[PDB]
Structure formats: C-alpha cells, structure tokens
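This report concerns only the one structure given below.
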Amino acid sequence: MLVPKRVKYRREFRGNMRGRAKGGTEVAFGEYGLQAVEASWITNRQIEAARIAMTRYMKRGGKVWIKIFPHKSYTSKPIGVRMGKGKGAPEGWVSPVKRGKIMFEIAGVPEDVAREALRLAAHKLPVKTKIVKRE
Amino acid sequence: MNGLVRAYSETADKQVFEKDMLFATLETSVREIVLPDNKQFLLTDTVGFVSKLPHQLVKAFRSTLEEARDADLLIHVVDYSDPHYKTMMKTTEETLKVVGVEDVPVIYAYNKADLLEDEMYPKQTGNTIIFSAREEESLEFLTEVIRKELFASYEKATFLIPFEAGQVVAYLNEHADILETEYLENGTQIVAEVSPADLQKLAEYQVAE
Amino acid sequence: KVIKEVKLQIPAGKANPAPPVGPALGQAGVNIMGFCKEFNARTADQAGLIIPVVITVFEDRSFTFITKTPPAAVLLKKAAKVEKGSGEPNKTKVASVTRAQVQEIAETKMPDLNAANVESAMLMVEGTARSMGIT
Amino acid sequence: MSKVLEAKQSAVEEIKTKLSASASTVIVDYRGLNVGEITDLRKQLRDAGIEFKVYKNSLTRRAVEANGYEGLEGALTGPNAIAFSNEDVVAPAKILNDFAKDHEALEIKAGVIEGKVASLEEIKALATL
Amino acid sequence: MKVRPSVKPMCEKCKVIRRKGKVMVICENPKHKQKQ
RNA sequence: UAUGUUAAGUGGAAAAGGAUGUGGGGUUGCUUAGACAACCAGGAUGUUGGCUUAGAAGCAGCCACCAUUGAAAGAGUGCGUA
Ligand SMILES: [Mg+2]
Ligand SMILES: [Zn+2]
C-alpha cells in the first residue's frame, strides 16, 4: 500500500476540503479517467482495492496511472480511553480529494473495456465519480 | 491435484494454487476426474498441517476436514526429501485422529523422489508409492492405483440392445468400458462392464452365450 | 406411395448393417438384402467407395434403391490425394490438387448439379476445395 | 434518399425498356410454392431466354405507367413476377400453362403479347396456345 | 423470486416491467425473476 | 389573480445503488417510388465442409466460413433428437 517512506512530522491537522481542485482537473497522460464530483477523504486501502479490480478486468494489458497519493496521516484512540492526555497514535494515510480531481487514467485498451474497468473501480470509492475522456 | 486435473479434467483451465509459502491453500476445492475409460470420481485438496498446532484451531478445522472425514480413498502425501519426514508423517496421523478420520483406506505417496539420487520411481510396495508429482508417468501410475482401489466391482456382461430402442447405445458408452461391440439383424450386440447397479437396472438386455 | 423417404448415405458397394445403413431405415423394416445387397446390386461399377443412396419406403415394405452420384466429398479425396481431410483450411494445407483435375470432377458431376452455367458450377467446387483445406 | 431514388429510378426504366422489347410479358402468383418449384420452370425457360423477375409494387407500376400500357393498372397487386419473353412468345405462354396443370399455385393472368394487354380470360387462351 | 433493491437484467431474454407501482423483472428462466 | 409541475398524502425523515414514472429542449436514421407492428407465402442446392468421436448431418469442440436458383435464405439465430 502507498505510504510515505519518511515524514518530517508524524502528526498533522485534519484540514479542510472546500473549493475546487487546485490542479490536475484535466486528463493529461491517458485517454480516460475517473473524475470526482464530490469531495471526501480517500485512504490508501481504497486506492489499492480500486486498482486491483481495475487491472484484473484489463487482464494486465495497457498502463494505468494513479494521480493521487496519501500524503497526510490520521490518528485514533483506543476504546476505553478518556479524552485528553495527548494525541493518538497514527493509524493510516489519506489523500483529501476535492471535487473536480482526476484519480485514475486508462490507455492502451478499446472503448468497451475502458469504461467497464473504470465502472468497477468507482464502486470501491466513497465519492460520486464520472467517466471523462480526452477532447 | 493440479497434475491430475490437467491430465484428465475437461475444464483444464480450472487449476489450484501452488506456492512455497506456508499455508498457501486454506480452503478445500473439489474437482471431477474422468479417466479415459469413462470412469468418474472426485478429488479434493485440504489445508496442510504443522507440528504442535493449537488445540483451539483443530476444533475449527473439524469442519474443514469433513470432506476427508466421509471419504472412500485417502492419499497421505508424505515428503520423501526432508529427513524429519517420519516425524511429519506421524504428526499428520495424530492430527487426523484428533479430527476424527479413521477406518479409512490410506495410500501413502512419498513425493519429491526426483531429488533423492539413484532411486527407482515410480514404484509400489504394499500400500506405499514412490513418485514425483511433476512427471507424466508418476501421475498415470497413481491413476491406475486409484482405479484398482476404487472400482473393483465392474464385472463384464454382454448386452443385446434392441435395434429400434436407441438411447441405450449412448448410455452404455459414457458409463462403461466397452470391450467389443457387434451388429446383428435383430438388434445390436454389446459386450462391456458396468456397475452392479446396472446389472439389475438393465438385466433384461443381457443375453447368455 | 413412399411413406418415409429418409435419405441414407452409406458405404456403397461394401455396405454393412452399420448405423449409416441402420436406424436410417431401421424404423421401416430394412432387410440386409434391401440394405446391403440392394446397394451392392445397384453399385456394381460404383462399389468400393462410399456414395449416398436415397431410399423410400411405403406402407408395405418397399425397397426404392436410388443410389446418388459419387458426391464431391469422395471426389475431393481422389483429386487432392488425401485420405484424411485437412482441417487446417487456411492455417495450413495437407496436400494440393491440379487445377485441371477439379474440372474433370466438376464436369462429371455437372449433370447432377442444377447450375445452368458450367463455368459458375466449377466455382462451386472451390468452396468444396476450400472446405477440405488441401487444394 | 438520393442513393435510394437513383437506384430506384434506374431499375424502373429497365422494366419499361424490357417490356417494350418483350414480345409477350406475363406474370403468375408465386404464393404457396416451393423455392425450387419455380426454378424448374425457370431453368427450362432459362435455356429459352424467358427468365422472369419480381420487384416492389410501386416500382413495378412505374415502368408500366410510361411503357404504353393502358390495361395493366389493375394488375399491380399481389405477388407479381413479371416474365419477359422477346424471343419466343408462344413458348413462354405455353410454359406457364405446363406448370399450371402440374402445380395449381400458378394462375398466370398477365399478358402483354404484341404489346396489347389481354384480359385474364383471354390470357388462358394465350397460355394454352 | 429475488427481492433485492438492485433489480437488473441478467440475460438477454430478461424484461423489465412495472406492476402495482414497483419495478420487477420477468424472464422465461424462473431463476431470473426479481422484484424491488 | 396569471402561467406551468407533482399522483407520490410527495408535501409532512434517511444514503450508496436500481428503474420503459412523467414534462420540457437538442442531435439524428427510415417512410405514401409505401416506415414500424401484425397476417400470407418463401426460407433451397454442392452439402452430412474438413478434423475428433461408437455416434458430430447449422447447433459436444477447433479450423476457412464459399459458389449456386434467385429479388431471399446464414457452410445457419434460437428449440429439439443419443
Ligand atoms: Mg495447496
Ligand atoms: Zn433472463
């Protein structure tokens, strides 16, 4: 699973996800891509599952791109611990995706199997998506 | 199991896992085997075992060893290239007794006999086999071993199928090993071997010489 | 007359009580004389190879032995000199036949085939020639 | 439409020239008959050059509109297979009657022998002679 | 009959209709009958 | 008061997902030289194409998938016979 090799600080703020995507709002590498319509956090587990289900249908033919990466980390507390006494220990890694950001790319396959592969990927992500193509 | 399936199964695309990691297969899979003489049986694989397995987990595998619990022929694949093979074999028997598999015809099959230098495989002594499961001779050898063990009531009996009545020529080709067939003016003459169920199912068609 | 006229192609000349000469007329009381000797009598000079014979049976047992022509299936074997047909078709050719050899076979069967144009009728042999794979 | 009309227009005039060139034009109702049954008559007529054809009803009447036909207005109905006979008018006329006795499905009534549209009653005399 | 919120055709002979104000699939194969 | 929408008591509770509910715009094929739907008729010949099979004739499986009568008919779209 995609994790950073090392980080400067182990703890980070939750942040916010308001506004349009700063960059990457268009397809540049492949010819089809999944575009987010809403905004939500995407963990690294959902990136992996949406990728195996995406290359398995393509039978390992053609190249896919991952346009997002889980830079930020989040923490959690055990059950039975009261509030306070510091901060929790990190658990996973997330990538806050604002609306209008392409998350995947497809090239090297015909029209029929490009849309179907993207369709199976979208069902594993918690955001409402749309299949978009280049020009 | 993969070698046997590739050898005989119609759906040869249907394969099984195969890797060197501990506990590669954790779920049982059933496959249907069709020997060339039109004989049918099933072949199942199970998860493996290790020494001093916790007793909590054997209670859970009591379910996963149901297929071997109610079986007809067992094969106890013992490695023959690891010096502690005697210990591993015996451990297998104690684990099986814990599950509740007993009074079962066991056929031992020592594998990996290619690695051992200057050994005669395939062979057979008592109920013990020496073979490597990567060649087209050991596999077929074990197939006629299973043929000897399972099917031993397939007595031969001639038949005279009425010429008009079809659907019996076809049945006595996919459920028997037809030795010879003949054509007469009053029907067709069939000589083959069938299960004792068929001796009473189709008793009238037989004709005595 | 002729209650049933199920066509029964069989091994003409050396006919035997085989399924090709069996259940085809086995519902109409086919006799060995009316199945083997009847074809043997008709195929005096047509014996040796297998040629079709269409028969008709009335309410009373009637042997209407009408042997068909030496079809292009047997003809394609002698012209191409292949005992076993080449199933490879376009993948490969087991053998080949002379271009003039096909004309002799086509000319012989020309009266049987209902094609006004002899040149067109020779083109139909190419499909039979391509059917066996070997030219 | 332009592709459709051009093909339709060209084919329509072909019948009119053929009808003008034909010394006797006939048709029979090809309904309830074997595919090869007509072929038996067609093959015999093929050696005599009396082959026929069938087209759409609207196109069939288009040629007759401008081919000097004044009695074929009511003949553009049902399964129409116009037969052109410019070489042997008597032979094609008796060809139809030969199959009509053998097969009752062929009640040929169209007749343009000598360019004149004889009625279905007078066609039978033409068919039998 | 399969009662699920995701009724959709499975084969080429399936058909989608509406009876009593709900979506259902009727097919010649009885295993394909679904209702929402 | 004027112009429209809803048939769900939605109005007056709640998502991913599913759908020939309904109204409004756009892009288009075919058609009175006759469009879709129905009814009538046809729907064939070499030929049971080759290989494999006890058995493979369009329809167990793989290979090219022709010419012929004709305006149409596929070396056959689904049933069925071992
Ligand atoms: Mg395993
Ligand atoms: Zn269905």
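A note on labels: chains of the structure tokens are A, B, ... as shown, every chain counts residues from 1, and ligands are counted from 1 in their shown order.
For ligand 2, the protein and nucleic acid residues at most 8 Å away, judged by only C-alpha atoms (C1' of nucleotides) and all ligand atoms, amount to residues 9, 10, 11, 12, 13, 14, 15, 26, 27, 28, 29, 31, 32 and 33 of chain E.
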Quiz prompt | Sel. of helix (DSSP H, G or I) residues, chain D, as a PyMOL selection string | solution = chain D and resi 2-21+35-47+57-66+73-75+90-102+113-115+120-128
Practice problem: Taking the chain letters and numbering used in this document, name the residues of region 13-103 of chain C that DSSP puts in strand (DSSP E or B), as a count of residues only. | Solution: 7
Practice problem: Extract, using only C-alpha atoms (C1' of nucleotides), all DNA, RNA and protein residues at most 8 Å from region 4-17 of chain D, discarding same-chain residues fewer than 3 positions from it, and format them as a PyMOL selection string. | Solution: (chain D and resi 1+20-21+59-60+62-64+66-67) or (chain F and resi 33)
Exercise. Name the residues, by chain letter and number, that sit within 7 Å of ligand 1 using only C-alpha atoms (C1' of nucleotides) and all ligand atoms, and give them as a PyMOL selection string.
Key: chain B and resi 17-18+24-25+45-47
Write the residues of the preceding selection, restricted to N, CA and C atoms, as a PDB file, in the first residue's frame.
ATOM      1  N   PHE B  17      -4.078 -23.330  -6.430  1.00  0.00           N
ATOM      2  CA  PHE B  17      -2.928 -22.544  -6.009  1.00  0.00           C
ATOM      3  C   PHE B  17      -1.689 -23.428  -5.916  1.00  0.00           C
ATOM      4  N   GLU B  18      -0.518 -22.809  -6.055  1.00  0.00           N
ATOM      5  CA  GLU B  18       0.740 -23.543  -5.922  1.00  0.00           C
ATOM      6  C   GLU B  18       1.842 -22.541  -5.605  1.00  0.00           C
ATOM      7  N   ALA B  24      -0.323 -21.904   1.900  1.00  0.00           N
ATOM      8  CA  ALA B  24      -0.785 -21.273   0.667  1.00  0.00           C
ATOM      9  C   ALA B  24      -2.272 -21.527   0.446  1.00  0.00           C
ATOM     10  N   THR B  25      -2.698 -22.779   0.574  1.00  0.00           N
ATOM     11  CA  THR B  25      -4.093 -23.162   0.413  1.00  0.00           C
ATOM     12  C   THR B  25      -4.732 -23.267   1.786  1.00  0.00           C
ATOM     13  N   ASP B  45      -8.615 -31.381  -2.259  1.00  0.00           N
ATOM     14  CA  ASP B  45      -7.412 -30.962  -1.560  1.00  0.00           C
ATOM     15  C   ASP B  45      -7.798 -30.243  -0.279  1.00  0.00           C
ATOM     16  N   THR B  46      -6.905 -30.287   0.703  1.00  0.00           N
ATOM     17  CA  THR B  46      -7.167 -29.730   2.018  1.00  0.00           C
ATOM     18  C   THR B  46      -5.996 -28.847   2.433  1.00  0.00           C
ATOM     19  N   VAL B  47      -6.232 -28.021   3.455  1.00  0.00           N
ATOM     20  CA  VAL B  47      -5.155 -27.265   4.068  1.00  0.00           C
ATOM     21  C   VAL B  47      -4.154 -28.228   4.704  1.00  0.00           C
TER      22      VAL B  47
END
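For residue 36 (chain E), the residues within 12 Å (counting only C-alpha atoms (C1' of nucleotides), excluding itself and residues fewer than 3 positions away along the chain) are residues 1, 2, 3, 4, 5, 6, 7, 8, 16, 17, 18, 19, 20, 21, 22, 23, 24, 25 and 33 of chain E; 18 and 19 of chain F.
By chain and then residue number, the residues within 7 Å of residue 54 (chain A) are residues 117, 118, 120 and 121 of chain A, counting only C-alpha atoms (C1' of nucleotides) and disregarding those fewer than 6 positions away in sequence.
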